[PDB]
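Every residue, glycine as well, gets a Cβ built from its backbone with ideal geometry; the counts of neighbours run over all protein chains shown. All of this is worked out from the model, or read from it or from the source named; no laboratory read-out is quoted.
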């Protein structure tokens, strides 16, 4: 079932070795500690790191990285997935880089001594230690580790250094395999947006009493229909890497689907489905995002029900704005600020009535992390640069609009997953956004 891709493990672990000493703060070593799995917080940096290095989260596991090697503290059973590939890697890198697998144990005192041993190696490396400072896990293993670490900061003079920006830069560019998983994920997002539209239109047509949150929950639970998922394989298996087939067990939601039908809408990052009655008029916002083998995608659409002329005109503009971002501003070397400011320019030119209501960002880098907060497409970030192989959630919205004649409240939102390739940006989510196909009349 579980097979670690060891050429991928080697390349990514060595990339991390090569890059971490020049992370901000100049860490001399890295320590990442995964305690018990927390399925409620899948995007913690240490979990992302496991998914990146190994393809899987390894609970109750410590990984420390140095110039000359790597220490993994993990159970005998998990060591079985690693020992052959590590021995092969060690033989090749015999005079450069040595991975040591220290087998943990439930026997009291055993892991404690390993942690003490590891602290000796860390302090020998240097006083600056790179850590995922915001991560939180439970369990005996990490709790014993924290006691050792806290003292080593008190016994020796160690300063923990957060490495979020460094990891974000290291993870940004997607290799061939990752780009395939992102396309599978994105086609999954397409399928669920299609299901969402069909359910929405039916609920509106049938005037049923239902809240936005109940409707999005209905869609959300569709992913557990395994036999429905199996039938997606002809669309999805050709998008998987060479030698791989679609596996239903690796498809999940990136977040709970969001429906907001008004009159109040929320485009903030924290926003969820509204709790109020489905309003079958004007603008209805929908968002869903899928993970395939932990790679996130995102799609957002606006559906129009008997829209006013101002709604259709502004939806037409929203399409043109997304096109300007995707096919003009998303360029290798561009900063988030240049991209966001280019969007602001386009709105000021064509639709200044929409300047105030525009979202203060147009999305983010996306991948194993659904939203990379180190690479948000806003005016503030002038210190990241788009690279070939980056994948973006290009998501834009306008809130707090009213029709000038009826006073009807509305909002607009459109999002797509976009991959930078050598041939340029490639939109991975292909569910329709043509106004004629997202507009319904009753």
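Output the strands (runs of 3 or more DSSP E) that fall wholly within the stretch 322-424 and possess 2 or more residues being more than 22 Å from the chain's Cα centre (by Cα), or say none. Reasoning before the result, please.
Values: elements: 361-365, 376-378, 391-402, 409-421.
Per the criteria, 391-402, 409-421.
Does the stretch 412-422 contain at least one residue that is surrounded by fewer than 16 Cβ atoms within 10 Å (Cβ to Cβ), free of Cβ contacts under 8 Å to residues at least 24 places away in the same chain and in the same structural domain as residue 191 (by CATH)?
Taking the stretch 412-422 as the starting set, the residues that turn out to be surrounded by fewer than 16 Cβ atoms within 10 Å (Cβ to Cβ) are 421-422.
From what is left, the residues that are free of Cβ contacts under 8 Å to residues at least 24 places away in the same chain are none.
No: zero hits.
Could you check the stretch 1-25 and list, in sequence order, the residues that are assigned to a loop (DSSP other than H, G, I, E, B) and surrounded by fewer than 19 Cβ atoms within 10 Å (Cβ to Cβ)? So that I can check it myself, show each step before the final result.
Our first condition is that a residue be assigned to a loop (DSSP other than H, G, I, E, B); within the stretch 1-25, this holds for 1-5, 23-25.
Within the stretch 1-25, 1, 2, 3, 4, 5, 24, 25 meet the criteria.
Residue 371 - would you say it is touching a helix residue (DSSP H, G or I) at 6+ places or on another chain (Cβ under 7 Å) and within 16 Å of residue 165 (Cβ to Cβ)? Show your work before the answer.
Values: touching a helix residue (DSSP H, G or I) at 6+ places or on another chain (Cβ under 7 Å): no; within 16 Å of residue 165 (Cβ to Cβ): yes.
It is false that residue 371 is touching a helix residue (DSSP H, G or I) at 6+ places or on another chain (Cβ under 7 Å) and within 16 Å of residue 165 (Cβ to Cβ).
Being in contact with a helix residue (DSSP H, G or I) (Cβ under 9 Å, 6 or more places away or on another chain) and closer than 18 Å to residue 23 by Cβ is the filter here; which residues of the stretch 34-67 pass it? Walk me through how you get there before you give the answer.
Narrowing the stretch 34-67 to residues in contact with a helix residue (DSSP H, G or I) (Cβ under 9 Å, 6 or more places away or on another chain): 34-38, 41-42, 45, 48-49, 52-67.
Residues satisfying the conditions are 45, 48, 49, 52, 53, 63, 64, 65, 66, 67.
Mind counting the residues in the stretch 379-404 that are within 16 Å of residue 283 (Cα to Cα) and in contact with a helix residue (DSSP H, G or I) (Cβ under 8 Å, 6 or more places away or on another chain)? Lay out the reasoning, then the answer.
Let us first name the residues in the stretch 379-404 that are within 16 Å of residue 283 (Cα to Cα), namely 396-404.
Going one step further and asking which of them are in contact with a helix residue (DSSP H, G or I) (Cβ under 8 Å, 6 or more places away or on another chain), we end up with 396, 398, 401, 403-404.
Result for the stretch 379-404: 5.
For the stretch 154-261, which helices (runs of 4 or more DSSP H) that fit wholly inside it have 2 or more residues that are under 25 Å from residue 392 (Cα atoms)? Write out each step before concluding.
Values: elements: 164-171, 176-205, 212-221, 226-230, 233-236.
By residue number, 164-171, 176-205, 212-221, 233-236.
Which residue out of 213, 254 is assigned by CATH to the domain that holds residue 439, over 26 Å from residue 12 (Cβ atoms) and either crowded, with 17+ Cβ neighbours inside 10 Å or free of Cβ contacts under 8 Å to residues at least 24 places away in the same chain (or both)? I'd like the intermediate steps shown before the answer.
Values: 254 fails: over 26 Å from residue 12 (Cβ atoms).
213 is the lone residue from the list that is assigned by CATH to the domain that holds residue 439, over 26 Å from residue 12 (Cβ atoms) and either crowded, with 17+ Cβ neighbours inside 10 Å or free of Cβ contacts under 8 Å to residues at least 24 places away in the same chain (or both).
Given the structure, is residue 248 under 23 Å from the mean Cα position of the chain (by Cα) and within 24 Å of residue 426 (Cα to Cα)?
Numbers: under 23 Å from the mean Cα position of the chain (by Cα): yes; within 24 Å of residue 426 (Cα to Cα): no.
Criteria not met by residue 248.
Can you pull out the residues in the stretch 296-318 that are in contact with a strand residue (DSSP E or B) (Cβ under 9 Å, 6 or more places away or on another chain), in a helix (DSSP H, G or I) and loosely packed, with under 14 Cβ neighbours inside 10 Å?
Result: 312, single match.
Taking strands (runs of 3 or more DSSP E) that fall entirely within the stretch 26-145, which contain at least 3 residues that are outside the structural domain of residue 374 (by CATH) and surrounded by fewer than 17 Cβ atoms within 10 Å (Cβ to Cβ)? I'd like the intermediate steps shown before the answer.
Details: elements: 29-34, 61-65, 69-74, 98-103, 128-131.
In the stretch 26-145, 98-103 are the strands (runs of 3 or more DSSP E) which contain 3 or more residues that are outside the structural domain of residue 374 (by CATH) and surrounded by fewer than 17 Cβ atoms within 10 Å (Cβ to Cβ).
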